[PDB]
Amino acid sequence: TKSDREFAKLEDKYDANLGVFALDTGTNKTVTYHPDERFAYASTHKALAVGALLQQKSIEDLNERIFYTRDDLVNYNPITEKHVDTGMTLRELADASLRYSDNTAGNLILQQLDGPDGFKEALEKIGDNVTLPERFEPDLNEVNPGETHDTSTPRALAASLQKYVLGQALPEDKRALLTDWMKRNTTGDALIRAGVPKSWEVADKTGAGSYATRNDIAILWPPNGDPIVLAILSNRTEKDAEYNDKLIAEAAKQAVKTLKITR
């Protein structure tokens, strides 16, 4: 299609491979591009894992202080390194995971869910039969082409994010906590946020992994419109390649442009 041609031009421009799924939640109309192709989800899963944590814990239960050690620290611990000698509450861990992409926080949350296997069960319970958690951080970020561990698709990540942020997977109070953390993410300004109008509110979670995997999943609230779900995943040929955030911003801009046509 003509929209396909526009996404293909971005692939050529950035020497990369794109996966896009956008949904207007008012009409159920979509924009797709490789929507059922698997990509390493990288840290985008952290949003879904906090959704699952919120299904398992009351809000007051989020005050539980979790104790961990230097042996739990992995490769990117911006918040958790500072608290190894103090512990962190589950609320604090969710904040760190979602707003900073802290990998030790992400692992501690996975442990609350009974690991990748328990996280997968939680996703299956919301009807996600596509996302396939297997590993902890940091290994989950490295997926060789054709492998399926720690992968999902644009369509499925969008569907699961929608269920948690906009649908009935959580009560309203917990839904608002998740929404607030994702709205106040620190890591996504160059991605979907940079490609959509500045008047829109955005709740997003980024990812980065091997093969220049560079992802962003989001809920968007136009001021005078229905919420939009947007998942953009990408990768490149070489395991050690470097991603370009501008690919994701431009793909978001195109997704919005195409959705406009049929609204």
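In case it trips you up, residue 1 is the first one in the sequence shown, and so on.
Trainee: Quick check on the record: does 69-77 or 128-136 carry the larger mean Cα temperature factor?
Mentor: If you average the C-alpha B-factors of 128-136 and of 69-77, the larger mean comes out for 69-77.
Trainee: Mean C-alpha B factor from the entry: is it higher for 221-229 or for 52-60?
Mentor: Taking the mean C-alpha B-factor of 221-229 and of 52-60, the larger value falls to 221-229.
Trainee: Whose C-alpha has the highest temperature factor in the PDB entry: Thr32, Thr27, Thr206, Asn235?
Mentor: Largest recorded C-alpha B-factor: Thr27.
Trainee: When the CA B-factors of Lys198, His45, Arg214, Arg38 are compared as recorded in the entry, which is the largest?
Mentor: The C-alpha B-factor peaks, among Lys198, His45, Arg214, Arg38, at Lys198.
Trainee: Sorting by Cα B-factor within the chain, modelled residues only, which third would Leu10 end up in: lowest, middle or highest?
Mentor: Its C-alpha B-factor belongs to the highest third of this chain's values.
Trainee: For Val84, return the chain-relative third of its C-alpha B-factor as stated in the PDB record: lowest, middle or highest.
Mentor: Highest third - that is where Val84 ends up once the chain's C-alpha B-factors are sorted.
Trainee: Among the modelled residues of this chain, does the Cα B factor of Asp95 put it in the lowest, middle or highest third?
Mentor: Bottom third by C-alpha B-factor.
Trainee: Considering only modelled residues of the same chain, in which third does the CA B-factor of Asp173 rank: lowest, middle or highest?
Mentor: Top third by C-alpha B-factor.
Trainee: For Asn103, does the deposited CA B-factor place it in the lowest, middle or highest third of the chain?
Mentor: For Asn103, whose C-alpha B-factor we compare with every modelled residue in the chain, the answer is the lowest third.
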